[PDB]
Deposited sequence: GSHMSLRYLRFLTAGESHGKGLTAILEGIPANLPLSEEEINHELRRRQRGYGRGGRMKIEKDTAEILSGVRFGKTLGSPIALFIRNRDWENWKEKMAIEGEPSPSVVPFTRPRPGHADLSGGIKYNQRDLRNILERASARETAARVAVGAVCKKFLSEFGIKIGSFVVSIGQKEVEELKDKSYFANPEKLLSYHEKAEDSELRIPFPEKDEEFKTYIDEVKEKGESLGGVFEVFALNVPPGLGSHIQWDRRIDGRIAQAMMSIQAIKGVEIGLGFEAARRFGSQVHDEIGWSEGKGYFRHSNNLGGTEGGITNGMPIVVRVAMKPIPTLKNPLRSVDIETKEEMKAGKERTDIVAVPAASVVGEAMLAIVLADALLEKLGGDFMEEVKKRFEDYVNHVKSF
């Protein structure tokens, strides 16, 4: 459950389409269908007219948000059972199917646009598919390196499997087919990150306000996701406090920061100022690798949580107002 933003999605996999209504994004935010469609396209190319497109039904005029609810519709074009008493599990799968994640990505696309206005960037990349892992990423020191993270995301965009090293593509494509010929499905793991998130988002005062918990629900709620780690995660539970602890640093023109990021950008339920890093595990599908698409949905979920948490801290009804409060707050952080 979000604290500031509100949204609902609807639609069955084989129905007229998917509908979503997002409320809470401030007024005067430049927003276009192309920005939304771009994200929908990344998710589509993650499974391996046909292109998903969203039509804005309200909330936007002359390229800017009005401040009113934003409604989107995604045509399908190709146009549980016990709990709801549905003998035909089709009615259950229709709505359950990962088809619904497309609406999540559309809502997330709006949140990403909102976040970018504050210089906040979200990205991701696959680190393992089946038993084959991206060995270059076993050392997690890059969790504290914005340039590297961004670098890996950029390369993932040039990968048919969204892996940080496209050259490895052919190699991975081999292992995959080598497995799909044995009538076997594959799972995977990806990492999602957010850069330039100021310290102070989320809160330690109540269990449900902790940023980590919120991130956890958003990620684990994605279909097929069975595991989630913030930063080092389970590996951190096997190490010594000293080999996990992120050393605190400070500078005159920068304020406080950390020398490493094993915590994944959060400390005691609140963001660190360091990159937010989340590791997500997707179990093998059914029985067309889906981990790449999953990672794109992961970015959408993280953008929703962060946009929500940022608005919770800043408040505001129009961009000029929110941006001013962000600037004052960041100034307060730097000089603390």
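Notebook entry, point to check: Hey, which stretches of the deposited sequence didn't make it into the model?
Noted result: The deposited sequence has unmodelled segments at 1 to 4, 53 to 58, 90 to 120, 329 to 352.
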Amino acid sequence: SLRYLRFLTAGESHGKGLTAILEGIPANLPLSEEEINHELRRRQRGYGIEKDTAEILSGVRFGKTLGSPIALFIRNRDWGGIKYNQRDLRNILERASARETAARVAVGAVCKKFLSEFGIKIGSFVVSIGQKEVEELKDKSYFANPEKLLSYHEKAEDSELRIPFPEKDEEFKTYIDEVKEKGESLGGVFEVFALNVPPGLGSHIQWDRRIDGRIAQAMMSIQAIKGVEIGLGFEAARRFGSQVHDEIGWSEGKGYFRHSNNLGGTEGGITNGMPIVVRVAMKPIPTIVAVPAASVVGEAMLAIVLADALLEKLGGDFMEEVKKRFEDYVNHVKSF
From here on, numbers count along this sequence of modelled residues.
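Next item on the list: Using only the Cα atoms and their B-factors as the entry lists them, report which of 32 to 40 and 304 to 312 averages higher.
Entry: According to the entry, 32 to 40 carries the higher average C-alpha B-factor.
Check: Averaging C-alpha B-factors over each stretch, which comes out higher, 273 to 281 or 53 to 61?
Finding: Stretch with the higher mean C-alpha B-factor: 53 to 61.
Next item on the list: Identify, among 286, 69, 26, 298, the residue whose C-alpha carries the highest B-factor in the deposited PDB entry.
Entry: That would be 286, according to the entry.
Checklist line | Member of 104, 210, 75, 121 with the greatest C-alpha B factor (per the PDB record) | finding: Among 104, 210, 75, 121, the PDB entry lists the largest C-alpha B-factor for 75.
Next item on the list: Please place residue 330 in the lowest, middle or highest third of its chain by C-alpha B factor as given in the entry.
Entry: Middle third.
Item checked: Lowest, middle or highest third - CA B-factor, residue 261 -> Tercile = middle for this residue's CA B-factor.
Item checked: Chain-wide C-alpha B factor ranking for residue 234, given as lowest, middle or highest third -> For residue 234, whose C-alpha B-factor we compare with every modelled residue in the chain, the answer is the middle third.
Note to self: Where does the C-alpha B-factor of residue 114 rank in its chain, lowest, middle or highest third?
What the structure shows: Lowest third.
Next item on the list: Going by the recorded CA B-factors, say which third of the chain residue 141 sits in, lowest, middle or highest.
Entry: For residue 141, the deposited C-alpha B-factor lands in the middle third.
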